[PDB]
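Heads up: numbering here begins at 1 and tracks the sequence. Heavy atoms only: backbone and side chains are in, while hydrogens, waters and symmetry mates are out.
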Amino acid sequence: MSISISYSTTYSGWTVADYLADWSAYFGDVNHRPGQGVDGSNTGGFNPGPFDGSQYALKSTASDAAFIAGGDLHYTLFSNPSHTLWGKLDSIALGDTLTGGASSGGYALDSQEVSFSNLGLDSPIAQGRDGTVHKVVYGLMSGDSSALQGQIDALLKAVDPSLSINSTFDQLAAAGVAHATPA
């Protein structure tokens with residue numbers, strides 16, 4: 001299946017790149033200092049966990065910003081290659097007000113701003129922190145969405161070569177790859 005994007009109508013006239021830069025700044029680490037993948041309130045984590053899940057969720061330590069990575073994800077912890085997030089990445093949901101968990105039937109964003117589905121990413125454990133899945137998700141807590149964008153831009157062009165991360169959400173809806181959600 002082709003990339004599918006949901007967006008709050010608030011972002012209709014914004015480019016994907018613009019929104020991602022804004023959300024990155026909201027998450028609060030645009031100087032790329034290394035974090036350890038856990039928020040200060042243990043609001044996120046793996047579902048079902050403890051170190052593997054169909055979801056990996058993380059809240060910012062600087063703001064209410066949060067994301068949920070969806071697929072079939074694995075964290076190596078101290079096992080070689082250490083501190084690697086690998087496996088299948090199907091989706092990224094961005095917004096704020098992270099809630100839920102294993103006990104709640106999954107993580108959710110009370111304010112889901114934008115989501116990217118059918119990303120079709122798979123990284124094996126052997127690639128360690130060089131894996132695309134690791135780089136894409138690590139970028140979302142480390143202020144650098146370039147790996148996610150390489151993947152979104154590539155997926156958009158696979159559908160239509162006139163699309164890019166510089167397309168507005170409304171332009172992507174007109175091209176059949178995005179749909180608006182309530183503000």
Side-chain angles (χ1 to χ4, degrees), residues 1-35 37 39 43-44 55-71 73 85 88-99 107-121 123 129 131-183:
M1 315 194 293
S2 299
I3 189 172
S4 182
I5 300 172
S6 83
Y7 63 95
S8 167
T9 198
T10 305
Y11 316 121
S12 295
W14 303 18
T15 72
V16 180
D18 175 64
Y19 171 81
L20 285 175
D22 297 343
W23 180 87
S24 291
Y26 179 30
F27 196 85
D29 193 24
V30 297
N31 74 324
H32 318 311
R33 54 195 188 277
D39 59 72
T43 301
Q55 302 173 305
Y56 169 64
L58 180 62
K59 177 187 179 302
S60 170
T61 58
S63 74
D64 197 52
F67 69 83
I68 307 172
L73 293 166
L85 185 72
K88 290 184 185 182
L89 183 65
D90 297 320
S91 64
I92 293 289
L94 304 178
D96 68 39
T97 317
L98 178 63
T99 68
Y107 292 106
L109 296 170
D110 267 358
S111 183
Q112 186 165 286
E113 293 173 0
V114 173
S115 73
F116 310 90
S117 302
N118 309 319
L119 293 174
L121 293 168
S123 302
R129 303 190 206 144
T132 301
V133 165
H134 184 102
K135 290 282 185 189
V136 164
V137 181
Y138 184 78
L140 297 176
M141 79 179 186
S142 65
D144 173 2
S145 66
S146 70
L148 175 56
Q149 291 192 227
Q151 304 307 317
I152 295 166
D153 199 78
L155 288 165
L156 290 174
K157 288 171 155 60
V159 173
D160 177 347
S162 71
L163 306 185
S164 72
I165 43 57
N166 300 311
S167 301
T168 70
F169 288 101
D170 273 4
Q171 283 171 335
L172 295 181
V177 299
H179 67 275
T181 59

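Residues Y26 and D64 form a side-chain contact, since some pair of their non-hydrogen atoms from C-beta on lies under 4.5 Å apart. You'll find the side chain of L20 reaches within 4.5 Å of the side chain of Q149, heavy atoms only. Looking at heavy atoms from C-beta onward, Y107 lies out of side-chain contact with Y56 at the 4.5 angstrom threshold.
Residues satisfying the ring-ring contact (aromatic ring centres under 6.0 Å, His included) test with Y11, not counting sequence neighbours, are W14, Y19. Shown here are the side-chain hydrogen bond (donor to acceptor under 3.5 Å, both in side chains) partners of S146, two or more places apart in sequence or in another chain: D144. Applying the ring-ring contact (aromatic ring centres under 6.0 Å, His included) test to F116 and every residue at least two apart in sequence or in another chain returns nothing. For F169, the ring-ring contact (aromatic ring centres under 6.0 Å, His included) criterion is met by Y7, not counting sequence neighbours.
Residue pairs that meet the salt bridge (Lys or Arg N to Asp or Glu O under 4.0 Å) test with at least one member in residues 18-35, sequence neighbours left out, are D29-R33. For residues 157-169, the salt bridge (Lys or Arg N to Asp or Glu O under 4.0 Å) pairs, not counting sequence neighbours, are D153-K157.
Between the side chain of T168 and the backbone N or O of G13 there is no donor-acceptor pair closer than 3.5 Å.
When all heavy atoms of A183 and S8 are compared, the closest pair comes out as CA-OG, 3.3 Å. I3 and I152 get closest at one heavy-atom pair: CD1-CG2, 4.1 Å.
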